[PDB]
Amino acid sequence: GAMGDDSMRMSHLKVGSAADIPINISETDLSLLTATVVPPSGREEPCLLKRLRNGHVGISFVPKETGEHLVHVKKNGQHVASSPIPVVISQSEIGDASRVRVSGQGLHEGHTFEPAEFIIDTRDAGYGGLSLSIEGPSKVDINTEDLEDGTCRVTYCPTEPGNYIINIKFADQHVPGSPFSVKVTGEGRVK
């Protein structure tokens, strides 16, 4: 319209995304352990350590090129007997959004005064990064939670009722099924 308009309000969040690589299978403690990757570029970067759902220990990280990367795992600053560990990266592991999956009720239905939840699964997509934007009649508080199964839970609490749109983007590409429209019901506020 020629008179102008505000359109719709928005809120946003970003999360780092990686596959889980199990290493040095034993009763190792997580507090005195550290881990890094050396890429084929020759520029060392740190890894995220994890105790995975089956009880085994592993790493996760984002590669910056294709080809052989070396993981180096350390106890008290000294390298472990398994190191270095080679991992070979293909171009399909760098940021293929077509491989990303999602689930949960917050992609379809919601409420005002109770938060709506949904899960993102990048384990089957390799490595990259998830950027997320919720749009609608008002601003929303977005929160996140990493799960022991290797997936990410996302939550939000919308102030006004109506229809909200959720955008799911991985490595600068919008993922399958997105944009998600979400019907939010509510009242004028109650105890």
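Going from the start of the chain as shown, residues are counted 1 onward.
Using N, Cα and C of the backbone, Cβ positions are placed for all residues, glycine too.
As annotated in Swiss-Prot, phosphoserine applies, among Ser17, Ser90, to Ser17. Checked against Swiss-Prot, the residues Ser41, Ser103, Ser133 yield a single entry marked phosphoserine: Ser103. Straight-line distance linking the Cα atoms of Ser178 (phosphoserine) and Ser17 (phosphoserine), rounded to a whole number, equals 18 Å. Cβ crowding, taken as the number of other Cβ atoms within 10 Å, peaks at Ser17 among the modified residues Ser17, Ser103, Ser178. Break the repeat 'Filamin 19' (92-181) down by DSSP state and the numbers are 11 helix, 48 strand, 31 coil. In this structure the alpha carbons, written CA, of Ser17 (phosphoserine) and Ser103 (phosphoserine) are 17 Å apart.
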